[PDB]
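One chain is shown next in structure tokens, namely the form deposited in one PDB entry.
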């Protein structure tokens, strides 16, 4: 559950927070709208695990694996079992054109997987829209009744370190690893006014990655519905956003600010970007 009556935390012994010492001296740890930006050193995972366990939290993880991308599922799921929400209830939802190609991965207690078949659409326009469309429709089919939070990620990735309840909040986006140090004018937002995803050069907080977003089921249903509807308007107008659903996600999060932002620890590519000093942990990484 979310936001229900909650019992007291138990007694816990941990280091006192230091009011006159910044938790990081090298990065921004809160947005200008007072959403935490989640980096290593900002959180005590023992306090957060207590808060979320006492609420009996269930986390849904959605992933799409189409055509040759089914090959990535084995490593994705095996590493999620080691690093993603361990100790909490998890429901994996694997959307695929090939149910028989989903690997038989052994799951920990309290963790389950459902395979959901996707239609093999002939038109690339419908394929482009599919993730937002399908995530929004499965909010009613399953997610509202089954999970408290949804996490929506790309499959061609692996977990290497802890990804846990520190990310959970009504709505979150993740700093794209290509742009976290960039000026807004360099962000690859959609720049043509004819598109619903358009953002002018003087607007924008961050460049969020389409490969990792999520929130409560209600807020993810709103985001995905809005992005799907915006993509259909663009298609009717004969325009395709420069980075497809990621451009629409960025427009949505500019206009509807997220309640947490995840650092690039949560969405990284070591082949392209190495391991900079500012990343103390590489948690979820591209497969080369």
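Throughout, rigid core stands for the largest set of C-alpha atoms superposing within 1.5 Å between the two forms. Residue numbers count along the first chain shown, from 1.
Just so you know, the form solved in complex with a small molecule exists too; it's not on screen, but the next bit is about it.
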Answer key: of 166, 133, 190, 154, within 4.5 Å of the small molecule in the deposited complex (heavy atoms) is 154
193 to 201, 139 to 147, 100 to 108, 67 to 75: which one contacts the small molecule in the deposited complex at 4.5 Å, heavy atom to heavy atom?
67 to 75
The small molecule contact in the deposited complex: residue 234, any heavy atom under 4.5 Å:
no
Any of the heavy atoms of residue 115 lying within 4.5 Å of the small molecule in the deposited complex?
no
Within a 4.5 Å heavy atom cut-off, is residue 128 in contact with the small molecule in the deposited complex?
yes
Any of the heavy atoms of residue 210 lying within 4.5 Å of the small molecule in the deposited complex?
yes
Using a core superposition, identify the member of 71, 116, 127, 86 whose Cα displacement between this form and the one not shown reaches 2 Å or more.
127
CA-CA separation of residue 233 and residue 124, closer or farther in the deposited complex than in the form shown [shift of 3 angstroms or more]
farther
